[PDB]
Every structure is written in structure tokens, then in C-alpha cells.
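The structure that follows is given in the form of C-alpha cells.
Chains: A, B, C, D, E, F, G, H and I, in written order; residue numbering restarts at 1 for each.
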Amino acid sequence: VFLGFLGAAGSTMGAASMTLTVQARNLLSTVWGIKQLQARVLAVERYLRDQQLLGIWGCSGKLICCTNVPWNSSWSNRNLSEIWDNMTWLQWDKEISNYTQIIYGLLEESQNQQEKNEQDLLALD
Amino acid sequence: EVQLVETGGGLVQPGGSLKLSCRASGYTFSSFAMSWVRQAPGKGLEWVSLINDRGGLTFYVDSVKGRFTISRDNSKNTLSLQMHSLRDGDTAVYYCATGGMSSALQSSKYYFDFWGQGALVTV
Amino acid sequence: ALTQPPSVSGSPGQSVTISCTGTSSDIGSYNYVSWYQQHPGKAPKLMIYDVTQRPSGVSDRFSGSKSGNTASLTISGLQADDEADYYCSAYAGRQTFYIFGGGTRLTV
Amino acid sequence: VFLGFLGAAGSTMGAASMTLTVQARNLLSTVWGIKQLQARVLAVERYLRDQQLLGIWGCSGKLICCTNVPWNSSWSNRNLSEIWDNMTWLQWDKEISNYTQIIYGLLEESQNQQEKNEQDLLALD
Amino acid sequence: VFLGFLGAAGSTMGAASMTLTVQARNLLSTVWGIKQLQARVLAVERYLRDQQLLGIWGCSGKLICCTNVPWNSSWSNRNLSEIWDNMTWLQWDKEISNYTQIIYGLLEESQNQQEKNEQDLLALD
Amino acid sequence: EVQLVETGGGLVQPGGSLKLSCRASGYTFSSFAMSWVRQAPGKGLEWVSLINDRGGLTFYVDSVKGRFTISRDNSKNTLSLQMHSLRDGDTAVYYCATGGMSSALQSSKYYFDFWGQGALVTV
Amino acid sequence: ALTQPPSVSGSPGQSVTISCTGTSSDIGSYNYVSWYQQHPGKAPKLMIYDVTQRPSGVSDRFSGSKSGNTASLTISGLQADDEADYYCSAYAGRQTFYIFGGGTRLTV
Amino acid sequence: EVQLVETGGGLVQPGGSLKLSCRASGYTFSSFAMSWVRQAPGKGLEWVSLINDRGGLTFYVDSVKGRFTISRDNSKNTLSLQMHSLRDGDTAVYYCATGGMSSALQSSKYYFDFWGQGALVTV
Amino acid sequence: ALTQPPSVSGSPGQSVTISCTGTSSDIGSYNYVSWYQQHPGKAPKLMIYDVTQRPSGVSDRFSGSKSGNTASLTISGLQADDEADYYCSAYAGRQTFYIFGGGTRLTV
């Protein structure tokens, strides 16, 4: 499982988006019998929290998920070639750390809950 | 008490881009779905468009599906209809009405309960 | 569209039964048939909804009914003020929503 | 995250159904280093059990999920206006505690497994 | 919950595929207060790992999941009647233990990631 | 040994509501999908409807899709067909047959293996 | 529907080849073409299924074959008891399922 | 520098099964979507088929949807078109071209950027 | 298909504006209208893409524009080497992709 882990860390975002399963499979597994257990418990919570995010968004069970949130040029004005072909995910995460929680809120609030309510109302027509 | 009052109606040419606006009072605007229904001068009633209570789901007849655009603002209590590329068959009195659908949490409202004065449109 | 008789007549105090015929996909699939009364120069008014149900403020003299792919509006106790164009409205699914019939001229 | 938690506890069920993400995000996180760890583990199991229910039903990844189980008037004869507009979720849960496991069984047994088998058979046509 | 557990272990695979919820619901729950806690933690990880597999495949939230991996006669030449009507799951698992990781790799690599990328590209047309 | 025996067949008027019932014996009824196929007196065979082995999936031809209703009871071994709003084009000998589909866990049965005596219907 | 020759003839002991022509969406897309033999006054019987496969109890004299968008029923060793109406059945997808051809009158 | 060179073109009869192959050079083949577009001798241009950069998504016009098959090999830089059941309306010069779509991670390429010499096909 | 004028003419140094008319579902729904120039005996060449955008190597004399459900190709500074058949290409959704217009004969 470990093999290939973080190998595309220095690759472009496009090239590094085809190895998502390699990172995904590496997120899940005498006081030293307690502390290690705590670490195991910690890993589970982190995994579940990320999965919870994917579930409050319409992204449950997916590694690549398309959404209805428009991109804002304030978050980033770079082209697609300057993000996917000429840029790595670490650089992108360093720039967009500043805006992550606005995008997360837009993902959580407007799009998924309005879409879910609209499916609730279309299903009773 | 429910008072629907349409405006923006008048005369336009083929290819025109005409905007109507229906103002509502006397009830909770955001709690009801709204529809536009048209009546040609010499014919009966024809349903044109439907918008839900939140303004997120819109439905149209095939004959206007790519030309008409229903919209609503729930703070201002204003329903609106923007018609582009108006055709000779679109000459009619347009009425705004309350009803046509409801959310899953309400009882069925598959009917038009309240109606407007009407607004003549001559293409 | 629904097929509806172009005009009917009835003497005062008599009872008339306007009819309305539709395909099986609309009247015969959903129990949502409503009737509207439009006086000349004014906008329609919902006399009946859900086949047999009356909006408040509407007199008991107006009643509705269904039979297979057909609906009917029984107007009893005809008065001079009932002289109006009556219209059907049937819910016909999700790919199309409301289909109206032609007007029925009621004379007294 | 905590902000707004249980705020719609006294609101109507309709109004309180638009805040589901606020409660959802608050379900997931020297003998005192063990007992607290046990509590953390307990929370995870509860979360997973609820998610497991949603997965055995056709509701995985959703906060609002529509089903094919008809409502039974024996469970409740109240109208929709008397449930969603004039009633809170605590009152509803107190009445329907008595019937919860019948609805859960119908959700689990007939609808989801018959639907899943019917998709298994439609996919081979 | 326990009732009926593993009851179809000796039944045919077809008959035993209608009881999947019974096994699914039984996977989730002083040094003896630590060791038992470790066991609880262990169960969670196992559950999550299996769920993770189902998520890297296109099978999240499902107990029966159809895929685009063709069956290979090298893995098994038996008919459908000799697998579903005349065979149990234990016998099938004993034969196909030898081939499980090839099928798992094909499930993980070609089908799901190519399908996910193709949906990523269809959604922007 | 497989014996299919239809009943309920006779004569009806336009708009009629006619119910046929096919009784099966000699094999496991719940293990096979069933179909109804009709033959007009002067024409060839036409497939009408299909129901799966569990009675949960039903398929019809467009010409009868909103009028016919195939159903099955696996305890009583009875296949049934309820036709509403019968039209003049529905006059035919109706046959019940075993086959037409199978579940994912079985081999393909895209054919009608066993057949019934037939039942005349005159609209 | 499938196009099938209205009638064919053959002397006893000779071999005939009934033909059957369909669109590419049905015979040319799925290898599920079956043949039925119906005697007058009786119900059909599955002579062949899956193009080339015979139900048990059916004599070897009946064989089937496909060629592009065309299917065929080769009946060798013709006997007096083969005088029947033969029908095609092709599987044509999920939006429609079974399409039959016209009958072929076999005389001996 | 981009050089597209079609081959496999010639003459065939109705019902023929004709294979064309377009060889590409001068650019990254696997990075671009490819299309086939045809021009009848006396008419204008008609788009025939589209294949994405990975060769997993294929699109066709309704008139050829069940007869033509676009395919690509990215190691050999070869685009190919297999047409079965060729009809009289399929007589044309077929061109291979770069473009027509792109993946979500690229800019829109809803146009045909580079073109081939062409290949005559007479049914 | 798109409707395009069969032929236009212009004297050298003058400017011509080839037109192109489509339905609202294609030109009026997507801003993806491209123009191609095909000399006799050769294959087309992308003069313009995305309505107003020119591939590199293409002279500035060629420009494009849109107006509702109509597109246009303004060719200024006409030269003898511009004598070619011009074609439209509009993107028209996912159930169909590219619709071409007829050719426009340019003479100088």
C-alpha cells in the first residue's frame, strides 16, 4: 500500500490527480500500549472528519467531485494551464490556504443544501 | 386581501425582449409557488411557466422553454418574467398566479389559487 | 390540450353539468383536476381544485367529479351572475405540467 | 463549529430541517487518559452506526433522503402542516419513539434490498 | 441484531446474498479496560478499511455493487448455476482467495479511476 | 410436465376492463420470468408484456404501456394481466409464457421457453 | 417488426432455409434470435434460441444461424409434420424488448 | 509542424466495412482530442465523430451512431475510424482533425485546430 | 444545420462581412462559433475560434463577431489569395456537437 505514497508530491496537479487512491489508502491504519492506541484513534477521527466533509458536500464516496460553486477570481486568477500543467499541489495549497474556509462554506451552505432541498421538492411532483 | 398587480406590459416587435413584473401583497410571498399563465385574445387559457417557493426550480412549456425566464425575489415580493425573441404566437394577456406546486413538506397545491389583473402583450 | 364543450345553457334554478375529456396520462393518472370561472374582462377564479374540493368563499352550488378520463362541473341553482367562461386545468406530469381545455360559454 | 448547535431544537420541523449540517458537524470530535479515549472511541462507534443505518438504507452520504416506504396512519394521522409548520422535532420524536423500529425495519428490509436486487437485474438486461 | 447471523453460511450464494444486512450489522460494536478498548478500535479500523475499499471502487453505500471489470475465465470457469445455485460463499472464497488481489487491483485502477475521470470530462461539455 | 392454463378470457366492449389469469404447474414458478404475447386472428405474434421472477420489474410495449398491468403471485403460482380501456386493436389470442428475462445470477433467458393454451379476447 | 418471407416450400427429404431480416439495433446488436413453430390451432413452440441453440426434445434437423443483420432457420429432412407457421423473435434493447416477424407458411 | 496523414481510403460497395487510419506527428497526440469530419463532393462540411484525449469517450452523429466506430492508440499516435454497413450517403472526403473537446483540467477547445489531407471514400 | 449566404463578392482592398444564422439552441446558447477557410483542393483551416479569437499565424485582417443567434466574419483588406469557401461551425450541446453551415464562395 505504502509504495508510491506521495510520489506525485512534486508532480503537476494534473499528473498528481491520477494517484489519489495511493494517498487515500495510506490515511487509515505500559503506557506505550495506550499512546499508540490514541494515535490509532486519532487517525480514525481525522479520516471520518474528512469523510464527513465529503458527505455534507455532495461528494460522498468520490475522490474527484464536481460541484456547483463558481470559482472566484479573488481566490485565484491563474489559468488552467498554470494550475494543472505548470503547478504542484503544495504550491496551490499554500496560496489557497488563505481562502479555503470561504470555499468550504460555499460548498457546505448554498450548493449542497439548496440542491438537496430541490431534490426533496422534485421527488414529490 | 391577496392582491397581485402586474406591470411592465405593453407593445413590442418580433424579436423583442419584454420584462413583466408581478407585485404581491396580502400573504407570505416566499411560502407559495408562482406561475405565469397566458390567454390569447381569441382563445382559452395556456400555462406558460412555474417557479417554486424558493425560486430555485423553474419549469416552462416546450414552446417557450428556451426563450422565457421566470424569476422571483422574496424580499421584494416580486415575481418576474423575461421573454426574449418574442414570436407572433406570444400575443396574449399574461397573468401571474399563486400555486402550481409546493415543497415536499406542504400539502399538494396542483392548482392556481389566486390570480392577477393581467397584462396585455402585443408582439 | 383537453376537449371541453364549446357552450352550454340552462334556465335559472336548473342544474347544468359541464364536461371535460382528457387522455389517460393526465385526468386518468392524477386526481388533480381544477375548474376556473372567468367573467369577461376579468381574470379567472378557482371554483374547484382536486376534482371535488372548493376554495373557501365559494358557494356550495358548485361541485366537481371524475369518471375515468373525464371530469365534470355540476353547477346547481343557476343564477344570472354565473354567466362566465369555464376552464379545465389538469396536471399532466413532470415533462409537462398544466393542460387547459377550451372555454365553455354559460348562458342563463 | 459549535456555534448554532441545537439552536432549532425549539423551532418547527420545517425550519429545523435547514440546520442539519450544524448538528451533523458536532457528532464527531493516569486513568483520565484512558476514559477520555474511551469516550472518543464511543463517539466514533455511534457515528458509524448511524452511517451504517444510512448505508443499509439508500441514504448513504445524504442528510435528507427520500424513500419508497409509504407512511402508515397508525404511526401518525397528523397533517403535514401539523408536523412541519406547527410542531418541533422533540415532540415528533416523543410520539414516534413507539413506532421507530417498525419504520426502520421497513426501510431496511423491503425497500432497499428489493430496490438493490432490481437494479442488479436491470443492469444485466 | 445478532439473530440470524451467519445463518446462510451453509446456504447457496444466491440464497446467501439476500441476508447481507444481517452480516453487515454485526461488524460494528485494570488492563482489561484497555485491551477491550483496543479490540473496539480494531473493529472500527477494519470496518473503515472495507468501506474505504468500497469508496475507491464505485461501491460506496451499497451492499450489492455492479462494476465494469469483465470476469476472467482464468479466475473461474464455473457457470452461474454452479456458483449461485450449487455453491456456498465459503467454497467460493476458498477458490478465489488466489485471485482476489488481481480483481481488487482491476476494480481499483482501470474501471473506477477511468470512469471518474470520464465523468470529470463529461461534466464540462 | 410444464402446464400453463389461461382463464378469464371472453368478450368485452370498447373501454372494457378485462382480467386474464394464467395458472402454472410442473416447475418452480418463482424461479422464472413470465411474459404475455398476443396474436391477432389474421396476423403474427406480438409481445405484450414482461414481468420478472420476483414480480417487481414490469415492461410493456408503448401501445399498451399506460393501459395494461402485468402482475404475479408466487405463492399461488398465478400470473395475471389486467387491461383497462381496451381498444379495437387489442382483439387477439393472448398467451402466457415462461421466459423473457432472468436475474443477474442466472443465465440469459431472452426467449419464451414454455407457452400456454391461449385465451381469445374480442373487443 | 422484422421482415420475414411470407411462405416457402420444399419437397420431403429436402432442406429449406427460412430467412429473417432486421435492423442493426436488434439482430445486429444482440446475439439473441429465437425461432418458434406454431401449428394451426395450437400455441407456438421454441424450436431455437440464442441463434444456434436448440431446446431439449427438439430434433437435430432444425438449426439456426446469423449473418450481420439477418438470421436463418435451416430445416433439413422435411417431413409432413413440419407444416407450420414459423416466427422470428429478436431482443431489441431495454426501451423495447421483443420484436417478432411475420409468419412463414411451410408446405410439403 | 503538425502533420496529419490519413490512409486506408479507397472504394467499397454498399454494406462495406471500411477502415481509415490517421497518423499524427509534430505534437503530443495523447494531449488532444480528435474528430472526424466529412465533406461530400458537392456539399459542405459535416462533423462525423469525436474521441477524447484518452480514447474513452466517443461521440457520433445520429446518422452514423450505430455504424461508425472512432478509436485511437496513443502509443502509436494513430486515430482510426471503422465504418460498417456503409450507405450511399457516406460518400465523402473524410478528414481527421485535432480538437473538438478537452478534459476538465484544460481550456475549452470547441473547435478543430489542425486538419488532415483528407481521404476519399466512394460507396 | 446553419444557414449561410451561398456567395459574396468584394473588390480588392474592400471589406466584406460573411453572415451566418442559427437557432437559439446553438449560436444563441454557447459562445463557441468558429470559422474555417477551405481553398479548392485543400482541407479547411481554422481562421477563427470562440467567435472573436484568431489562431496564431492568422492575419489580423480576419475578425469575427456575434449578435444574438447570428455570427459574422469581417474580412478586411481583401486579397486575391482570399478566394476560398468559408464555413461556420457552431457547438450545439451534448446530444449533438458540431453543426456546419454551407459554403460561401468569395470572389475578388
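To be clear about the criterion, contacts are C-beta pairs under 8 Å (C-beta built on N, C-alpha and C of every residue); 3 or more make two chains touch, one makes a residue touch a chain.
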item	value
Between E-F and B-C, the pair joined by more C-beta contacts	B-C
H-I, C-F or G-H - pair sharing over half of the B-C contact pairs	H-I
Computed distance of Cα centres, chain H from chain C, in Å	58
Euclidean distance of C-alpha centroids - chain A vs chain D, Å	25
Centroid spacing, where centroids are CA-atom means, of chain C and chain D in whole angstrom	43
Whole-Å separation of chain centres (CA-atom averages), chain D against chain F	42
Chain I, residues touching no fewer than two other chains	none
Multi-chain contact sites of chain F, meaning residues that touch two or more partners	101, 104
Residue numbers of chain E (touch at least two other chains)	34, 37, 41, 44, 48, 60-61, 66, 117, 120, 122-123, 125
Contact footprint of chain E on chain A as seen in their complex	18, 20-21, 24-25, 28-29, 33-34, 37, 40-41, 44, 47-48, 60-64, 66
Chain I residues within the chain H interface of the complex	30, 32, 34, 36, 38, 43-46, 49-50, 55, 85, 87, 89, 91, 96-103
In the complex with chain H, residue positions of chain E that touch it	114, 117-118, 120-125
Contact set on chain B toward chain I in their complex	15, 66-67, 85
Of all residues in chain B, those that touch chain A in their complex	52, 54, 56-57, 101, 103-104
